[PDB]
Structures are given as C-alpha cells and as structure tokens.
C-alpha cells in the first residue's frame, strides 16, 4: 500500500476567520495582485477526496474523479471520508469569503482526485492512474492541470508509477510530493518530482524546497477546520505557489514555460535558511524573492 505520510492531529474546530500563518509567511499576498491569485491554473489534488460543499472550497472546485473502491466505486463521488484531502485543498485554494480560511492560490481551481480510501491508504495502481488522468484531463473550455500535488508515500520503486511521473513531466505538469518522514520513499524520491520538506513558523526543522508544516490550519470535514502538523502539510503550500508562479513567470517571459523552466522559477523563489541542502533543499519558499533582489547589485 501507498499511504498518507503520517502527521499529527492538533485541532478540529467549527469556525475560523483568518489567513493562515503559512499562507502569509510564504509571501503569497505580496504576489497575489501580479499573479491574479492563481486564476487560470488548476491543481490536481491526489488524496482522499474533498468536502465539495465546504464554504471555503465549493466555488474553487471544478471537477474531480474517484479512482478508489470507496462508495462503489462511483467515479463521480470524490467526497472526503478521511479529512486529509479537504485539508490539502484548503491550503492550496480556499477562497477569500470574508471568513474561514484562505489559500495560497485563492483564485485557482481544484480538480479533486481520490486515489486514497478513508483509511488514507491506496493501491499503487490508483496513484499511477491519478497521475495519468490529471495529465489527460481537459475542462469543458480547454482548461488543464499544470500542477499535481500529493502527500502520500510508498516503500516501492514501481516502474508503472515512475512512468506516470516521467509522463507528467514530459507533458509539463509539475509533480509535487511531500517528503517521506524508507517506507514512504516513492514517488517523492524520484528525480523528476518536486519533493517538499517542512519547517515550523520559526523556520525550524532528497528535497527541493521546504515550506511550513507545523500547526497548519485549514479546512476540514463538516464544513469545519483542523490544525495539522507534519511534512505532508508543506507540499500543498508549494502546489499553491506554483499556480501563482506559473501565472507570473509566463506573464513576465511573455511565453509558455516548460516543466523545467517552471521548476527553476520555483527554486529561485526559495531563500536558504542556513540549514544543510539535505535538510532544506534550495531553501524556504519566499514568493516575493525575485522582486526583493531586482535591482540589487554590488
């Protein structure tokens, strides 16, 4: 089985009214205006489903599929019976609703892929499909996923899933996976994946980038919110960031950019914290970095 990278439950609550600390510590709002808050980009969330009617998520969700044996399986039913999937969605794209929470890409859309059961586990074949499907899907107007995000891991170097990964990347999809806390090694170990480690809000602890992962408030079941801590919680911040990054980079270059170019655009928005490269990769996600260094010479 491939499964949710373990994390801690901290809180469940019924009410929030805030921009999470991780959304702002990563400098998303500083770039919202120039990025149109991620409009025109879709993130394929590969996870346990989503609460499709959550007040924070409903106007941001556009489709989803269920690749699981849960609920039949009715492919049309990609409700969350775990909760983790809904939490991810929130960090990526919760809307400015005048309350609850707000995501890194508050104007991007979500395509929900349930490839995990309620128990947070999934057959690997489902993950391979999830990746392939997200690549091949186009919305009714021509729209497509440039971003995949998962916070799952598996002990196994499975050729079929490595293939899906190579397939996504050669078709221009950024593949974001949370670093296994080997047991959770794949698909994050794969050279072509963007692997994301975690730090806390004090910026304390094979990855490319680190983002916030301790005490991350997001949406949760029954139209509520939960606070979760762990590695799995850093990945959705980067998935969101890419929505923003793709928009601004392509607008600046006035040109389409490849998966390769897009990756370089992400990692140049990573400020090293002073930890080692194995600990932090290229550093912490600072979305305004380019603008801070523009003009700055010796």
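Numbering follows the first chain given and starts at 1.
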Residue 182 unmodelled in at least a third of other compared entries:
yes
Between residue 181 and residue 182, what class does the number of missing deposited residues fall in: none, 1 to 3, 4 to 9, or 10 or more?
4 to 9
Enter the number of deposited residues without atomic coordinates between residue 124 and residue 125, binned as none, 1 to 3, 4 to 9, or 10 or more.
none
Hey, which bit's got the bigger mean C-alpha B factor in the entry, 105-113 or 124-132?
124-132
Going by the entry, of stretches 183-191 and 136-144 the one with greater average Cα B-factor is 136-144
Identity of residue with top Cα B-factor, from 151, 174, 218, 79
79
Which listed residue, 290, 285, 23, 16, has the largest C-alpha temperature factor in the record?
16
Is the Cα B-factor recorded for residue 98 in the lowest, middle or highest third of its chain?
highest
C-alpha B factor of residue 50, ranked within the chain: lowest, middle or highest third?
middle
Third of the chain, ranked by Cα B-factor, where residue 203 sits:
middle
Record-listed C-alpha B factor of residue 273: chain third:
middle
Which third, lowest, middle or highest, does the C-alpha temperature factor of residue 162 belong to within its own chain?
highest
